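Engineer: Pasting my_file33.cif below, which is mmCIF, C-alpha atoms and all ligand atoms.
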data_model
loop_
_atom_site.group_PDB
_atom_site.id
_atom_site.type_symbol
_atom_site.label_atom_id
_atom_site.label_comp_id
_atom_site.auth_asym_id
_atom_site.auth_seq_id
_atom_site.Cartn_x
_atom_site.Cartn_y
_atom_site.Cartn_z
ATOM 1 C CA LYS A 6 94.792 86.302 76.891
ATOM 2 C CA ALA A 7 92.890 85.233 80.015
ATOM 3 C CA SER A 8 90.178 87.894 80.139
ATOM 4 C CA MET A 9 86.457 87.976 80.978
ATOM 5 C CA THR A 10 83.499 90.344 81.228
ATOM 6 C CA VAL A 11 81.172 91.436 84.033
ATOM 7 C CA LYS A 12 77.809 93.083 83.500
ATOM 8 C CA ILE A 13 77.176 95.924 85.964
ATOM 9 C CA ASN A 14 73.707 97.015 87.046
ATOM 10 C CA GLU A 15 72.369 99.865 89.141
ATOM 11 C CA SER A 16 71.623 98.762 92.722
ATOM 12 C CA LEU A 17 68.199 99.806 94.001
ATOM 13 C CA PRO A 18 66.303 98.988 97.218
ATOM 14 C CA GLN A 19 63.808 97.052 95.082
ATOM 15 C CA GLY A 20 66.260 95.019 93.003
ATOM 16 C CA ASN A 21 68.201 95.837 89.842
ATOM 17 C CA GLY A 22 68.388 99.165 88.059
ATOM 18 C CA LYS A 23 69.453 99.799 84.484
ATOM 19 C CA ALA A 24 72.543 98.308 82.867
ATOM 20 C CA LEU A 25 75.454 100.682 83.437
ATOM 21 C CA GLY A 26 77.845 98.796 81.179
ATOM 22 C CA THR A 27 80.584 96.290 81.906
ATOM 23 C CA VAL A 28 84.010 95.711 83.410
ATOM 24 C CA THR A 29 86.701 93.644 81.715
ATOM 25 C CA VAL A 30 88.874 91.527 83.982
ATOM 26 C CA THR A 31 92.212 90.570 82.443
ATOM 27 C CA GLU A 32 95.167 88.553 83.699
ATOM 28 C CA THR A 33 98.486 90.307 83.220
ATOM 29 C CA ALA A 34 102.033 89.580 84.326
ATOM 30 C CA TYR A 35 101.340 91.925 87.248
ATOM 31 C CA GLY A 36 97.900 90.803 88.403
ATOM 32 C CA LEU A 37 94.259 91.294 87.446
ATOM 33 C CA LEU A 38 93.499 94.458 85.484
ATOM 34 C CA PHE A 39 89.965 95.793 85.785
ATOM 35 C CA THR A 40 89.159 97.823 82.684
ATOM 36 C CA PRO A 41 85.796 99.566 83.208
ATOM 37 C CA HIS A 42 83.279 100.379 80.494
ATOM 38 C CA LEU A 43 80.716 102.002 82.748
ATOM 39 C CA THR A 44 78.380 104.946 82.368
ATOM 40 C CA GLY A 45 75.978 106.977 84.501
ATOM 41 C CA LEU A 46 78.036 107.157 87.701
ATOM 42 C CA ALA A 47 78.914 110.092 89.968
ATOM 43 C CA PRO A 48 82.234 111.729 89.007
ATOM 44 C CA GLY A 49 85.073 111.025 91.439
ATOM 45 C CA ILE A 50 86.669 108.046 93.161
ATOM 46 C CA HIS A 51 84.377 105.171 94.191
ATOM 47 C CA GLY A 52 84.813 102.227 96.550
ATOM 48 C CA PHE A 53 85.426 99.242 94.286
ATOM 49 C CA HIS A 54 85.418 95.831 95.977
ATOM 50 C CA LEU A 55 84.822 92.119 95.490
ATOM 51 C CA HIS A 56 82.224 90.849 97.966
ATOM 52 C CA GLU A 57 81.845 87.296 99.305
ATOM 53 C CA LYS A 58 78.454 86.091 98.045
ATOM 54 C CA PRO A 59 77.483 85.845 94.334
ATOM 55 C CA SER A 60 74.423 88.100 94.562
ATOM 56 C CA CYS A 61 73.419 91.716 93.933
ATOM 57 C CA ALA A 62 69.968 91.415 95.505
ATOM 58 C CA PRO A 63 68.653 93.738 98.257
ATOM 59 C CA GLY A 64 68.623 92.747 101.925
ATOM 60 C CA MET A 65 67.049 93.775 105.225
ATOM 61 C CA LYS A 66 68.959 95.754 107.860
ATOM 62 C CA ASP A 67 67.404 97.539 110.841
ATOM 63 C CA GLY A 68 64.060 97.133 109.079
ATOM 64 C CA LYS A 69 64.985 99.066 105.928
ATOM 65 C CA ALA A 70 65.670 97.941 102.346
ATOM 66 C CA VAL A 71 69.399 97.931 101.576
ATOM 67 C CA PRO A 72 70.738 97.762 97.981
ATOM 68 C CA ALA A 73 72.968 94.767 97.157
ATOM 69 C CA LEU A 74 73.181 93.655 100.797
ATOM 70 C CA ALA A 75 72.846 89.979 99.793
ATOM 71 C CA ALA A 76 76.432 90.167 98.484
ATOM 72 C CA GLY A 77 77.777 89.938 102.028
ATOM 73 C CA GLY A 78 81.027 91.580 103.116
ATOM 74 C CA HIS A 79 84.396 91.789 101.399
ATOM 75 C CA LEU A 80 86.124 88.743 99.926
ATOM 76 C CA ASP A 81 88.431 87.712 102.781
ATOM 77 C CA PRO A 82 89.849 84.161 102.407
ATOM 78 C CA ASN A 83 92.654 84.934 104.856
ATOM 79 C CA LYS A 84 90.113 85.978 107.500
ATOM 80 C CA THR A 85 92.055 89.166 108.211
ATOM 81 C CA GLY A 86 88.814 90.944 109.089
ATOM 82 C CA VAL A 87 90.330 94.247 107.990
ATOM 83 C CA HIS A 88 90.116 96.669 105.053
ATOM 84 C CA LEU A 89 93.617 97.682 103.917
ATOM 85 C CA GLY A 90 93.431 98.256 100.149
ATOM 86 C CA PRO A 91 94.753 96.666 96.894
ATOM 87 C CA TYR A 92 98.436 96.751 97.847
ATOM 88 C CA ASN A 93 98.457 95.256 101.350
ATOM 89 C CA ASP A 94 98.374 91.502 102.015
ATOM 90 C CA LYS A 95 97.104 92.074 105.549
ATOM 91 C CA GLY A 96 93.528 92.883 104.488
ATOM 92 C CA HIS A 97 90.468 91.766 102.498
ATOM 93 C CA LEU A 98 91.707 90.071 99.316
ATOM 94 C CA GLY A 99 88.663 91.664 97.655
ATOM 95 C CA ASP A 100 90.123 95.169 98.050
ATOM 96 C CA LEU A 101 90.510 96.794 94.636
ATOM 97 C CA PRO A 102 91.836 100.280 93.863
ATOM 98 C CA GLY A 103 89.185 102.999 93.798
ATOM 99 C CA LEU A 104 87.150 103.181 90.617
ATOM 100 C CA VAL A 105 87.891 106.460 88.847
ATOM 101 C CA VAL A 106 84.798 108.091 87.340
ATOM 102 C CA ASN A 107 85.149 110.857 84.750
ATOM 103 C CA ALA A 108 83.313 114.184 84.594
ATOM 104 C CA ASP A 109 80.883 112.864 81.971
ATOM 105 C CA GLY A 110 80.023 110.162 84.502
ATOM 106 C CA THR A 111 81.809 107.328 82.715
ATOM 107 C CA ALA A 112 84.492 104.946 83.971
ATOM 108 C CA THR A 113 87.262 104.096 81.531
ATOM 109 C CA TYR A 114 90.428 104.290 83.651
ATOM 110 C CA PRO A 115 91.892 100.781 84.142
ATOM 111 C CA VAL A 116 92.870 99.794 87.676
ATOM 112 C CA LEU A 117 95.341 97.007 88.511
ATOM 113 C CA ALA A 118 94.754 94.826 91.566
ATOM 114 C CA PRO A 119 98.194 93.176 91.990
ATOM 115 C CA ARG A 120 97.106 90.663 94.648
ATOM 116 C CA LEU A 121 94.673 88.772 92.387
ATOM 117 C CA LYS A 122 96.427 86.563 89.821
ATOM 118 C CA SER A 123 93.815 84.453 88.018
ATOM 119 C CA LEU A 124 90.184 84.771 86.928
ATOM 120 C CA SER A 125 89.305 81.868 89.217
ATOM 121 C CA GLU A 126 89.789 84.078 92.287
ATOM 122 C CA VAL A 127 87.171 86.439 90.905
ATOM 123 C CA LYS A 128 84.520 83.922 89.795
ATOM 124 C CA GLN A 129 81.347 83.628 91.877
ATOM 125 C CA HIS A 130 81.696 86.932 93.711
ATOM 126 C CA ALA A 131 79.942 90.294 93.494
ATOM 127 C CA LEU A 132 81.835 93.220 91.943
ATOM 128 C CA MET A 133 80.706 96.173 94.055
ATOM 129 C CA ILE A 134 80.714 99.912 93.374
ATOM 130 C CA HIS A 135 80.057 102.182 96.354
ATOM 131 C CA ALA A 136 78.681 105.701 96.708
ATOM 132 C CA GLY A 137 81.631 106.981 98.739
ATOM 133 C CA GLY A 138 85.367 106.751 98.141
ATOM 134 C CA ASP A 139 88.068 104.461 99.498
ATOM 135 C CA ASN A 140 91.140 105.461 101.525
ATOM 136 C CA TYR A 141 92.113 101.782 101.870
ATOM 137 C CA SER A 142 91.515 101.779 105.618
ATOM 138 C CA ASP A 143 88.897 101.286 108.332
ATOM 139 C CA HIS A 144 89.821 104.737 109.617
ATOM 140 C CA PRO A 145 88.146 107.147 109.890
ATOM 141 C CA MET A 146 85.221 105.347 108.243
ATOM 142 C CA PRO A 147 84.848 101.552 107.978
ATOM 143 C CA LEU A 148 85.758 99.817 104.710
ATOM 144 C CA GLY A 149 87.421 102.929 103.292
ATOM 145 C CA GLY A 150 84.336 105.120 103.586
ATOM 146 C CA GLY A 151 82.511 103.457 100.704
ATOM 147 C CA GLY A 152 79.178 103.841 102.473
ATOM 148 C CA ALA A 153 76.119 102.724 100.502
ATOM 149 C CA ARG A 154 76.245 100.068 97.767
ATOM 150 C CA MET A 155 75.275 101.770 94.538
ATOM 151 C CA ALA A 156 76.072 99.378 91.664
ATOM 152 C CA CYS A 157 76.833 95.677 91.368
ATOM 153 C CA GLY A 158 77.447 92.700 89.091
ATOM 154 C CA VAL A 159 77.826 88.994 89.806
ATOM 155 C CA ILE A 160 80.964 87.585 88.208
ATOM 156 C CA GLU A 161 80.597 84.362 86.235
ATOM 157 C CA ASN B 4 106.228 96.252 108.517
ATOM 158 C CA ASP B 5 108.596 98.888 107.001
ATOM 159 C CA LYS B 6 109.522 99.608 103.375
ATOM 160 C CA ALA B 7 111.830 102.107 101.654
ATOM 161 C CA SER B 8 110.260 105.435 100.727
ATOM 162 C CA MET B 9 111.218 108.874 99.354
ATOM 163 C CA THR B 10 109.641 112.231 98.476
ATOM 164 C CA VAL B 11 109.693 114.273 95.259
ATOM 165 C CA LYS B 12 108.731 117.927 94.865
ATOM 166 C CA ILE B 13 106.657 118.955 91.851
ATOM 167 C CA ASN B 14 106.748 122.341 90.115
ATOM 168 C CA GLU B 15 104.922 123.904 87.200
ATOM 169 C CA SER B 16 106.801 123.584 83.935
ATOM 170 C CA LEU B 17 106.749 126.875 82.059
ATOM 171 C CA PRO B 18 108.642 127.927 78.924
ATOM 172 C CA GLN B 19 110.412 130.527 81.059
ATOM 173 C CA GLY B 20 111.443 127.974 83.691
ATOM 174 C CA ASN B 21 109.983 126.622 86.940
ATOM 175 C CA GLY B 22 106.596 127.794 88.184
ATOM 176 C CA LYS B 23 104.470 127.413 91.305
ATOM 177 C CA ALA B 24 105.267 124.536 93.629
ATOM 178 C CA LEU B 25 102.420 122.021 93.377
ATOM 179 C CA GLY B 26 103.221 119.771 96.336
ATOM 180 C CA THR B 27 104.862 116.355 96.426
ATOM 181 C CA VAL B 28 104.705 112.748 95.310
ATOM 182 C CA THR B 29 105.703 110.026 97.747
ATOM 183 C CA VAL B 30 107.350 107.010 96.131
ATOM 184 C CA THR B 31 107.160 103.869 98.245
ATOM 185 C CA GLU B 32 108.423 100.326 97.688
ATOM 186 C CA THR B 33 105.705 97.697 98.121
ATOM 187 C CA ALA B 34 105.491 93.940 97.622
ATOM 188 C CA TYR B 35 103.847 94.656 94.249
ATOM 189 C CA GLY B 36 106.078 97.445 92.948
ATOM 190 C CA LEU B 37 106.567 101.187 93.358
ATOM 191 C CA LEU B 38 103.569 103.136 94.618
ATOM 192 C CA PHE B 39 103.263 106.802 93.644
ATOM 193 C CA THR B 40 101.065 108.636 96.127
ATOM 194 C CA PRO B 41 100.536 112.253 95.024
ATOM 195 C CA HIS B 42 99.822 115.196 97.312
ATOM 196 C CA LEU B 43 99.385 117.766 94.561
ATOM 197 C CA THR B 44 97.299 120.888 93.993
ATOM 198 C CA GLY B 45 96.520 123.286 91.137
ATOM 199 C CA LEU B 46 96.076 120.795 88.301
ATOM 200 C CA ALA B 47 93.498 120.478 85.530
ATOM 201 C CA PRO B 48 90.740 118.072 86.583
ATOM 202 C CA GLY B 49 91.040 114.735 84.768
ATOM 203 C CA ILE B 50 93.630 112.091 83.909
ATOM 204 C CA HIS B 51 97.200 113.072 83.036
ATOM 205 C CA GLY B 52 100.119 111.305 81.386
ATOM 206 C CA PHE B 53 102.520 110.452 84.191
ATOM 207 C CA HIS B 54 105.957 109.187 83.173
ATOM 208 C CA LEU B 55 109.609 109.016 84.218
ATOM 209 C CA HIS B 56 111.936 110.745 81.775
ATOM 210 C CA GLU B 57 115.588 109.870 81.195
ATOM 211 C CA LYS B 58 117.470 112.979 82.328
ATOM 212 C CA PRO B 59 117.548 114.399 85.896
ATOM 213 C CA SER B 60 116.287 117.800 84.727
ATOM 214 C CA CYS B 61 112.978 119.667 84.554
ATOM 215 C CA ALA B 62 114.496 122.645 82.761
ATOM 216 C CA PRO B 63 113.142 124.033 79.466
ATOM 217 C CA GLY B 64 114.873 123.202 76.201
ATOM 218 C CA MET B 65 115.260 124.829 72.809
ATOM 219 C CA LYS B 66 113.412 123.340 69.835
ATOM 220 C CA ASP B 67 113.382 125.338 66.603
ATOM 221 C CA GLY B 68 113.968 128.591 68.486
ATOM 222 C CA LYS B 69 111.222 128.180 71.069
ATOM 223 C CA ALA B 70 111.634 127.480 74.779
ATOM 224 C CA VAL B 71 109.913 124.140 75.424
ATOM 225 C CA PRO B 72 108.784 123.351 79.012
ATOM 226 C CA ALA B 73 110.652 120.536 80.788
ATOM 227 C CA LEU B 74 112.131 119.443 77.454
ATOM 228 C CA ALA B 75 115.568 119.091 79.077
ATOM 229 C CA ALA B 76 114.376 115.860 80.694
ATOM 230 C CA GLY B 77 114.666 113.936 77.427
ATOM 231 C CA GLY B 78 112.246 111.219 76.364
ATOM 232 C CA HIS B 79 110.758 108.421 78.463
ATOM 233 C CA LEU B 80 112.987 106.175 80.583
ATOM 234 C CA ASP B 81 113.689 103.197 78.310
ATOM 235 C CA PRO B 82 116.743 101.153 79.440
ATOM 236 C CA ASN B 83 115.763 98.161 77.286
ATOM 237 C CA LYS B 84 115.585 100.442 74.241
ATOM 238 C CA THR B 85 112.086 99.323 73.255
ATOM 239 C CA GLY B 86 111.442 102.712 71.662
ATOM 240 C CA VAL B 87 107.720 102.267 72.296
ATOM 241 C CA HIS B 88 105.036 103.561 74.696
ATOM 242 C CA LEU B 89 102.956 100.713 76.175
ATOM 243 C CA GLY B 90 102.097 101.732 79.741
ATOM 244 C CA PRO B 91 102.691 100.506 83.329
ATOM 245 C CA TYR B 92 101.429 96.954 82.801
ATOM 246 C CA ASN B 93 103.339 95.988 79.650
ATOM 247 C CA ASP B 94 106.975 94.797 79.623
ATOM 248 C CA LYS B 95 107.486 95.602 75.954
ATOM 249 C CA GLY B 96 107.425 99.380 76.344
ATOM 250 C CA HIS B 97 109.173 102.206 78.204
ATOM 251 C CA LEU B 98 110.104 101.225 81.771
ATOM 252 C CA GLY B 99 109.314 104.836 82.677
ATOM 253 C CA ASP B 100 105.608 104.347 81.958
ATOM 254 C CA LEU B 101 103.422 104.927 84.998
ATOM 255 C CA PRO B 102 99.626 104.835 85.268
ATOM 256 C CA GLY B 103 97.764 108.076 84.553
ATOM 257 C CA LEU B 104 97.809 110.680 87.305
ATOM 258 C CA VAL B 105 94.250 111.070 88.548
ATOM 259 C CA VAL B 106 93.264 114.659 89.317
ATOM 260 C CA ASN B 107 90.114 115.450 91.297
ATOM 261 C CA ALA B 108 87.419 117.995 90.417
ATOM 262 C CA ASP B 109 89.119 120.565 92.655
ATOM 263 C CA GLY B 110 92.465 120.262 90.881
ATOM 264 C CA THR B 111 94.139 118.160 93.571
ATOM 265 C CA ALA B 112 95.878 114.823 93.024
ATOM 266 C CA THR B 113 95.475 112.296 95.836
ATOM 267 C CA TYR B 114 94.820 108.905 94.188
ATOM 268 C CA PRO B 115 97.800 106.520 94.611
ATOM 269 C CA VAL B 116 99.001 104.831 91.419
ATOM 270 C CA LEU B 117 100.984 101.598 91.430
ATOM 271 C CA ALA B 118 103.716 101.003 88.852
ATOM 272 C CA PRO B 119 104.267 97.202 89.021
ATOM 273 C CA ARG B 120 107.351 97.163 86.773
ATOM 274 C CA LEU B 121 109.476 99.349 89.041
ATOM 275 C CA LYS B 122 110.713 97.378 92.053
ATOM 276 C CA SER B 123 113.072 99.714 93.927
ATOM 277 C CA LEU B 124 113.859 103.401 94.426
ATOM 278 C CA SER B 125 117.230 102.928 92.699
ATOM 279 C CA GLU B 126 115.405 102.543 89.352
ATOM 280 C CA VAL B 127 113.804 105.927 89.875
ATOM 281 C CA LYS B 128 116.533 108.162 91.314
ATOM 282 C CA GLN B 129 118.177 110.766 89.046
ATOM 283 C CA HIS B 130 115.232 110.889 86.657
ATOM 284 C CA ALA B 131 112.406 113.365 86.059
ATOM 285 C CA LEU B 132 108.852 112.676 87.242
ATOM 286 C CA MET B 133 106.744 114.270 84.501
ATOM 287 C CA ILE B 134 103.128 115.473 84.360
ATOM 288 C CA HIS B 135 101.470 116.138 80.997
ATOM 289 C CA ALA B 136 98.580 118.297 79.828
ATOM 290 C CA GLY B 137 97.003 115.381 77.995
ATOM 291 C CA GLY B 138 96.074 111.913 79.211
ATOM 292 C CA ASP B 139 97.545 108.468 78.603
ATOM 293 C CA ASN B 140 96.020 105.495 76.798
ATOM 294 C CA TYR B 141 99.226 103.449 77.229
ATOM 295 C CA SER B 142 99.883 103.337 73.485
ATOM 296 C CA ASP B 143 101.425 105.149 70.511
ATOM 297 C CA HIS B 144 98.023 105.116 68.770
ATOM 298 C CA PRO B 145 96.187 107.235 67.915
ATOM 299 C CA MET B 146 98.614 109.747 69.471
ATOM 300 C CA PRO B 147 102.335 109.304 70.235
ATOM 301 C CA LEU B 148 103.326 108.612 73.848
ATOM 302 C CA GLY B 149 99.749 108.023 75.008
ATOM 303 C CA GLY B 150 98.643 111.486 73.932
ATOM 304 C CA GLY B 151 100.375 113.176 76.853
ATOM 305 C CA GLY B 152 101.364 116.112 74.670
ATOM 306 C CA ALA B 153 102.865 119.146 76.392
ATOM 307 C CA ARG B 154 104.841 118.866 79.636
ATOM 308 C CA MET B 155 103.018 120.910 82.251
ATOM 309 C CA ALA B 156 104.594 119.936 85.591
ATOM 310 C CA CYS B 157 107.811 118.210 86.612
ATOM 311 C CA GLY B 158 110.039 117.146 89.492
ATOM 312 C CA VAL B 159 113.504 115.602 89.658
ATOM 313 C CA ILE B 160 113.830 112.509 91.831
ATOM 314 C CA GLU B 161 117.030 112.888 93.856
HETATM 315 ZN ZN ZN C 201 82.543 97.051 99.431
HETATM 316 ZN ZN ZN C 202 87.806 95.538 102.253
HETATM 317 ZN ZN ZN C 203 107.769 100.545 111.057
HETATM 318 ZN ZN ZN C 204 106.110 111.803 79.250
HETATM 319 ZN ZN ZN C 205 106.460 105.912 77.509
HETATM 320 ZN ZN ZN C 206 118.224 105.068 86.532
HETATM 321 ZN ZN ZN C 207 101.806 101.719 64.999
#
Would you kindly transcribe this structure into structure tokens?
Ligand SMILES: [Zn+2]
Ligand SMILES: [Zn+2]
Ligand SMILES: [Zn+2]
Ligand SMILES: [Zn+2]
Ligand SMILES: [Zn+2]
Ligand SMILES: [Zn+2]
Ligand SMILES: [Zn+2]
Structural biologist:
Amino acid sequence: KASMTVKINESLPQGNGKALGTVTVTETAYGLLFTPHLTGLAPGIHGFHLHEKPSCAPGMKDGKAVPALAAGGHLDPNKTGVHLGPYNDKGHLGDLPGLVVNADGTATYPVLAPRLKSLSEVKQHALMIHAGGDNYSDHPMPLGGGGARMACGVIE
Amino acid sequence: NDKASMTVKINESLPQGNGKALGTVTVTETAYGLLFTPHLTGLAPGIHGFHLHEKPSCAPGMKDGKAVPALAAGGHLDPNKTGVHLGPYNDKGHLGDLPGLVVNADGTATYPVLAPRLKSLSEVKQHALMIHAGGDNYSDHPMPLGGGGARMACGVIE
């Protein structure tokens, strides 16, 4: 059973917020399954992506402090330069299905990302949770409308 | 680009018979299996058992003298006769096991769910797409059939 764990922390302008729980990443016969064990999130569907750089630190953009900016953009080994979701080979390999958050603010619903096949593809990248949702497109809003980076955890 | 795709209409399952139309689910073939994109409305917020049942019917059935909603659809699609409920990501259970149907706070269903084990529309035609009152933990424990419980909405895939 090739499975591993990722600690998730709140993402503040200053650094790291409280621990919001974990996410289990498991290899299946159909791809990587992300089983969340998170708490304290806004109910609804959240942008859920793997970002390039292994960091959840703040960065500077237009003079302001931006949560988890040091993580860079989306994991994109094919250099597609386009956000197209978990089921389309023509976009960022780091595109996972939206994270489903319950009414009590927890995340327990497992999401399969069929394109990822082994834990190695996930190591040394930032697992990102956004404020906004994800329609798996750059239209109408870029990167699925995720907007701000709200929670994060370096995988390794 | 291009990939085969079809549409299924969903109705309320009442003891009496069919209820309000709730919208549709688009089933599309993808490189990674069948994708079920819902366009539904008027559902209880939360996560709902979402399975394919054996018989091409959504009609009620009689069980001990009571009309049971969508009972005429039979049990879960299980060609390999596993006789067990293990979800969308496990080969050892019902082929008809899809991921839970995610319903928003407003009662709509819009979140696409991939079922990796289904590969083509032919595996899905002439079966019932079922929506339960309860959720789905992809297991027979601690409740049978993921804890889906009552059948609350249904649609026959042509
Ligand atoms: Zn992102
Ligand atoms: Zn992306
Ligand atoms: Zn075309
Ligand atoms: Zn069922
Ligand atoms: Zn089943
Ligand atoms: Zn069949
Ligand atoms: Zn048992």
Engineer: Please evaluate the PyMOL selection byres ((chain B) within 10 of (chain A)) against the structure above and give the resulting residues as a VMD selection string.
Structural biologist: chain B and resid 33 to 36 38 48 to 50 91 to 94 102 to 103 105 to 108 113 to 120 139 to 140
Engineer: Could the residues that lie within 12 Å of ligand ZN 203 (chain C), counting only C-alpha atoms and all ligand atoms, be listed as number ranges by chain?
Structural biologist: B: 4-8
Engineer: Would you list the contacts of residue A:14 as a compact mmCIF listing (two decimals) with C-alpha atoms, keeping the file's coordinate frame, taking every protein, DNA or RNA residue within 6 Å and counting all atoms listed in the file, but skipping same-chain residues closer than 4 positions in sequence?
Structural biologist:
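Output file selection_24.txt follows:
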# COMPACT_ATOMS: atom_id res chain seq x y z
CA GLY A 22 68.39 99.16 88.06
CA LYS A 23 69.45 99.80 84.48
CA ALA A 24 72.54 98.31 82.87
CA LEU A 25 75.45 100.68 83.44
CA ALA A 156 76.07 99.38 91.66
CA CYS A 157 76.83 95.68 91.37
Engineer: For a test of reading the model, state the distance in Å between atom CA of residue B:62 and atom CA of residue B:25, rounded to one decimal.
Structural biologist: 16.1 Å
Engineer: Can you work out which residues are within 6 Å of ligand ZN 206 (chain C), considering all atoms listed in the file, and then hand them over as an mmCIF file with C-alpha atoms, keeping the file's coordinate frame?
Structural biologist:
data_model
loop_
_atom_site.group_PDB
_atom_site.id
_atom_site.type_symbol
_atom_site.label_atom_id
_atom_site.label_comp_id
_atom_site.auth_asym_id
_atom_site.auth_seq_id
_atom_site.Cartn_x
_atom_site.Cartn_y
_atom_site.Cartn_z
ATOM 1 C CA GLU B 126 115.405 102.543 89.352
ATOM 2 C CA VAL B 127 113.804 105.927 89.875
ATOM 3 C CA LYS B 128 116.533 108.162 91.314
#
Engineer: Report the distance between atom CA of residue B:100 and atom CA of residue B:54 in Å, rounded to one decimal place.
Structural biologist: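 Atom CA of residue B:100 sits 5.0 Å away from atom CA of residue B:54.
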Engineer: Using all atoms listed in the file, list the residues that have an atom at most 10 Å from (103.8, 117.1, 80.1), coordinates as in the file, as a ChimeraX atom specification.
Structural biologist: /B:15-16,51-54,72-74,132-138,150-157
Engineer: Which residues match the PyMOL selection byres (((not hetatm)) within 9 of (chain C and resi 207)) in the file above, as an MDAnalysis selection string?
Structural biologist: chainID B and resid 142:145
Engineer: Evaluate the PyMOL selection byres (((chain B and resi 125) around 12) and not hetatm) here and jot the selected residues down as a short mmCIF file (atom, residue, chain, number, x, y, z; two decimals) with C-alpha atoms, in the coordinates of the input.
Structural biologist:
data_model
loop_
_atom_site.label_atom_id
_atom_site.label_comp_id
_atom_site.auth_asym_id
_atom_site.auth_seq_id
_atom_site.Cartn_x
_atom_site.Cartn_y
_atom_site.Cartn_z
CA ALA B 7 111.83 102.11 101.65
CA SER B 8 110.26 105.44 100.73
CA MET B 9 111.22 108.87 99.35
CA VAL B 30 107.35 107.01 96.13
CA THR B 31 107.16 103.87 98.24
CA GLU B 32 108.42 100.33 97.69
CA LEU B 37 106.57 101.19 93.36
CA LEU B 121 109.48 99.35 89.04
CA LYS B 122 110.71 97.38 92.05
CA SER B 123 113.07 99.71 93.93
CA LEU B 124 113.86 103.40 94.43
CA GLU B 126 115.40 102.54 89.35
CA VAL B 127 113.80 105.93 89.88
CA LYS B 128 116.53 108.16 91.31
CA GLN B 129 118.18 110.77 89.05
CA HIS B 130 115.23 110.89 86.66
CA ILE B 160 113.83 112.51 91.83
CA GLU B 161 117.03 112.89 93.86
#
Engineer: Between A:9, A:112, A:46, A:73, which is the closest to residue A:125 once you count only C-alpha atoms?
Structural biologist: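 The shortest atom-to-atom distance to residue A:125 comes from A:9.
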Engineer: Residues within 6 Å of ligand ZN 202 (chain C), counting only C-alpha atoms and all ligand atoms: report them as a list in words.
Structural biologist: residues 79, 88, 97, 100 and 148 of chain A
Engineer: Find the distance between atom CA of residue A:29 and atom CA of residue B:141 and write it in Å to one decimal.
Structural biologist: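 Atom-to-atom, atom CA of residue A:29 and atom CA of residue B:141 are spaced 16.5 Å apart.
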Engineer: Neighbours of ligand ZN 205 (chain C) at 8 Å or closer, counting all atoms listed in the file: which residues, as an MDAnalysis selection string?
Structural biologist: chainID B and resid 54 78:81 87:90 96:100 141 148:149
